[PDB]
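Okay, structure first, notes after.
Here is how names work: the chains are called A, B, and so on, in the same order as the sequence lines, proteins then strands, and each is numbered from 1. Side chains are part of it too, since the values below use all heavy atoms of this structure and drop only hydrogens, waters and symmetry mates.
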Amino acid sequence: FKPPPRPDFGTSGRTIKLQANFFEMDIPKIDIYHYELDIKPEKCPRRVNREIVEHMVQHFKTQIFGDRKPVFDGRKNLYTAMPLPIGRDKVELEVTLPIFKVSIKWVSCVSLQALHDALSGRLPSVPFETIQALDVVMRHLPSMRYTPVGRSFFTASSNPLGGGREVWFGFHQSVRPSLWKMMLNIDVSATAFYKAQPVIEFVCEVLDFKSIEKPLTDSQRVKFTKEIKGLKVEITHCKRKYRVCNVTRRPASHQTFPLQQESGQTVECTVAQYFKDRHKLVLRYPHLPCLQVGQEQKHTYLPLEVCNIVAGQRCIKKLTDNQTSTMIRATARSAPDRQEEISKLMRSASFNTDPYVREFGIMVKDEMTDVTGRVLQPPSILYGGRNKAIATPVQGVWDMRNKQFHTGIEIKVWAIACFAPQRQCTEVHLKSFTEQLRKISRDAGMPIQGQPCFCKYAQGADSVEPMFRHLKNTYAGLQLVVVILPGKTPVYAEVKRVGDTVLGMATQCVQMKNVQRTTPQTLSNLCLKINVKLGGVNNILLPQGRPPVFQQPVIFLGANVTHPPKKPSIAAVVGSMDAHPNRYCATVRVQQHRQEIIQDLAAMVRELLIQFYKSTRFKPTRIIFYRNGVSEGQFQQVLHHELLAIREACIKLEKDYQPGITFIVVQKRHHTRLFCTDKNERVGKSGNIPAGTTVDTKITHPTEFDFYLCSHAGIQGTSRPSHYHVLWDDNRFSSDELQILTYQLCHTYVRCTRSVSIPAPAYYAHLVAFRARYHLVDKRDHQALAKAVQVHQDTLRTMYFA
RNA sequence: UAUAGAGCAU
């Protein structure tokens, strides 16, 4: 269960000069002394812990600390570059700030030399405790100077998004090990916050009011409840922060709570009356509801006009479609621009003048690390038809002009369901849309032979299922049902649910805007999905020139767990069903809320292996498992439970079936940025690195098998190079063969003629989980939730998720 | 239609 070492360094590809947002750290050889803080009371905010620790350092600078500048991680860990005048014995002391008891005890020394030795690769594993200590040193001053959020820092600059939310600009910071060097990783980040403002103004923005002008309808009140629930408020009629648990149904003039009088008897008092008697405040908006704060037992109700949303709360609830576009537009930066913003950050951070960094004798190089990348050459894409045409990706893109599908599918009986009113979508429109899909159809090797046999408009999600039940029975061999949607509507969720999991009909929805104004590229892309949904093969990797792994039966898997913002989490595993590889079967499960480990993985892998054996007649000798987005924190847990589950599936099939397992974690959510050193290598308006750029040196793991591969062309903003970490490899891949293999798999994604940012199986796993969300639509029996996700027997064999 | 892109613990 220990990750394998790096087997070698790749040599394939054209060398390219690069810079990464990794800055070398010169670490002294000293020992760090580690002290544990016990602060009473506990579970104060990390900030107050810092202020408590802050004042303590000056008082006992005379007695305890002196001229040393200790660093504090909040919570309970304090570090010094110099041992404190404290015997191993504990010291209990008192800190008062506008009363806290604090006990200091030595815990350990951190040997920076041991880190030096582990970076040489000599030690088997880098000491995690030394890396933690360095991280606390580097972010001590930023933590005091800004509002920390995860490993990022933010501050006050308006960048509105509407609905009460703002986008804040900050930066990410983390210390990371590489070969022979510790690195500081710095990046610009931007996240959504709630604007600090009176709650009265919050309801306006959440409910679109011009101004506060009576009562809330059930509609308005339940919407405002979702927006504010969980957010923290501060009191103004007295500075006192509460958490909003709920928004009362009754208005402040009629909401009551039990109040104990001078005598022992308790009475019901309205919130409005109480604020008249106890605070001499006549509520200005008595018709608006209250906020229920604190424990349910106390009946703590706060009128809206007395609370502010507390400044600094990071928005985690999902953003509306418009807010998302405004944040994306406002945060996208071209690769060259991002490099400059990082350079500015390093200048203003001025780490080499941070007194805490200098206290510990640390220096940070101000230039980005130079790394040589290798641009891998892309695969050739083999198409079908009489030409047998071979596309060659250029800058991560190709097209399908003068080429047709490898295995095109005759569409002899299909038809159109229009859910947009015919004033919007007219009969002339449908045929004006159908006539051009025909041309792009037959051109592309998938010929829609004739007209749409049935063409009936309608509205209503209840209309969805009956219409479909009508069509499957009456039209023999009805292959495809095209559906037309008028903007966002729950009909979409019902169309997939019915077709995917009920009747088992190939479904293809098209926005109403795209039928009226037709693009050949949009039509062509529309055929990519249609053909696959009907069982076709759009194209295959050029058989020759595939990596040697294809000499023996191999199955490729992609695993993914998507979580809700308690709603259940969704696990998805897809598996290749041929040697191309192009066709994938899907398995999906619902599991506990927010659990990263795929609980039912063993049964899912077993199902996929059986399907592979039925489709090919071969038992895979090798299992290549692409696992999406598990942080390093959970490598050991995820690997332990999921690597054993994979083996369990093979042994459960056949006592002595033991194919080689390669376990690879795939990570887009990191802060590694790569920039071309030479301007001639920039691709596009965004100026990113070329598709195929691979880095496995200089900024990678000191001993383990990991590499960055930017398989895609950067279109908007700065590219995210995908990171791949081999946690297990029975098959002893060379660095070259695994990188090339991973790159070629990024060219087998059927939705577009472009190399995508992750391999098709990992991308399909994301789609299969994503589609299961719409399957779960309602209008919570866990046996019934597993039922709403299980797909029809007709569809499951085919890639319905495309 | 789709890739990419900011983020996604009283």
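Listed by chain and number, the residues in a ring-ring contact (aromatic ring centres under 6.0 Å, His included) with A/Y492 are A/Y774 (sequence neighbours excluded). Evaluation of the salt bridge (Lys or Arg N to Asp or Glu O under 4.0 Å) rule for A/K229 yields no partner, not counting sequence neighbours. Partners of A/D187 under the salt bridge (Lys or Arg N to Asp or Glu O under 4.0 Å) rule, at least two apart in sequence or in another chain, are A/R338, A/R673.
Heavy-atom contacts of chain A under 4.0 Å fall on RNA chain B between two terminal nucleotides, which in 5' to 3' order are B/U1 to B/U10.
The stretch residues 250-272 of chain A participates, sequence neighbours left out, in these ring-ring contact (aromatic ring centres under 6.0 Å, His included) pairs: A/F257-A/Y274.
With a 4.5 Å cut-off on side-chain heavy atoms, A/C746 and A/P759 count as touching.
Map A/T718 and A/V510 each onto its nearest nucleotide of RNA chain B; the residue landing nearer the 5' end is A/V510. Summary of the strand contacts: A/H593 and A/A332 both lie near RNA chain B, and taking for each the nucleotide with the nearest heavy atom, the more 5' one is attributed to A/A332.
Within the 4.0 angstrom heavy-atom criterion, no nucleotide atom of any strand lies near A/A192. No contact: A/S755 has no heavy atom under 4.0 Å from any strand. If you check every strand for non-hydrogen atoms under 4.0 Å, A/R594 touches a base. Within the nucleic acid shown, A/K668 comes within 4.0 Å of sugar-phosphate atoms alone, with no base atom in reach, counting heavy atoms only. Residue-level contact check: A/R314 touches the backbone only, with heavy atoms under 4.0 Å from sugar-phosphate atoms and none from bases. The residue A/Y301 sits close only to the backbone: its heavy atoms come under 4.0 Å of sugar-phosphate atoms, none of a base. Across all strands shown, A/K529 has heavy atoms under 4.0 Å from sugar-phosphate atoms exclusively, and none from any base. Among the atoms of the strands shown, none is found under 4.0 Å from any heavy atom of A/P258. Residue A/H299 is in base contact, counting any heavy-atom pair closer than 4.0 Å across all strands shown. Note on A/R165: nothing from the nucleic acid sits closer than 4.0 angstrom, heavy atoms only. The residue A/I715 sits close to a base: some heavy atom pair falls under 4.0 Å. If you check every strand for non-hydrogen atoms under 4.0 Å, A/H172 touches nothing. Residue A/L302 is classed as a sugar-phosphate contact, given heavy-atom separations below 4.0 Å to backbone atoms only. Here A/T522 lies in heavy-atom contact (under 4.0 Å) with a base.
Interface residues of residues 321-330 of chain A facing RNA chain B, ordered by number: A/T324, A/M327, A/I328; criterion, heavy-atom separation under 4.0 Å.
No donor-acceptor contact under 3.5 angstrom links the side chains of A/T742 and A/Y724, judged on distance only. Side-chain contact annotation: A/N322 with A/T320, donor-acceptor N/O pair under 3.5 Å absent.
Ring orientation note: the planes of A/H279 and A/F275 are tilted relative to one another, at an angle of 30° to 60°.
Under the 6.0 Å cut-off for aromatic ring centres, A/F154 and A/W168 do not qualify, their centroids lying 6.0 Å or more apart.
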*Passes side chain to side chain contact (heavy atoms under 4.5 Å, CB included), A/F770 versus A/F801? Steps please.*
CA-CA 9 Å; A/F770 184 60; A/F801 49 93; over 6 Å; no
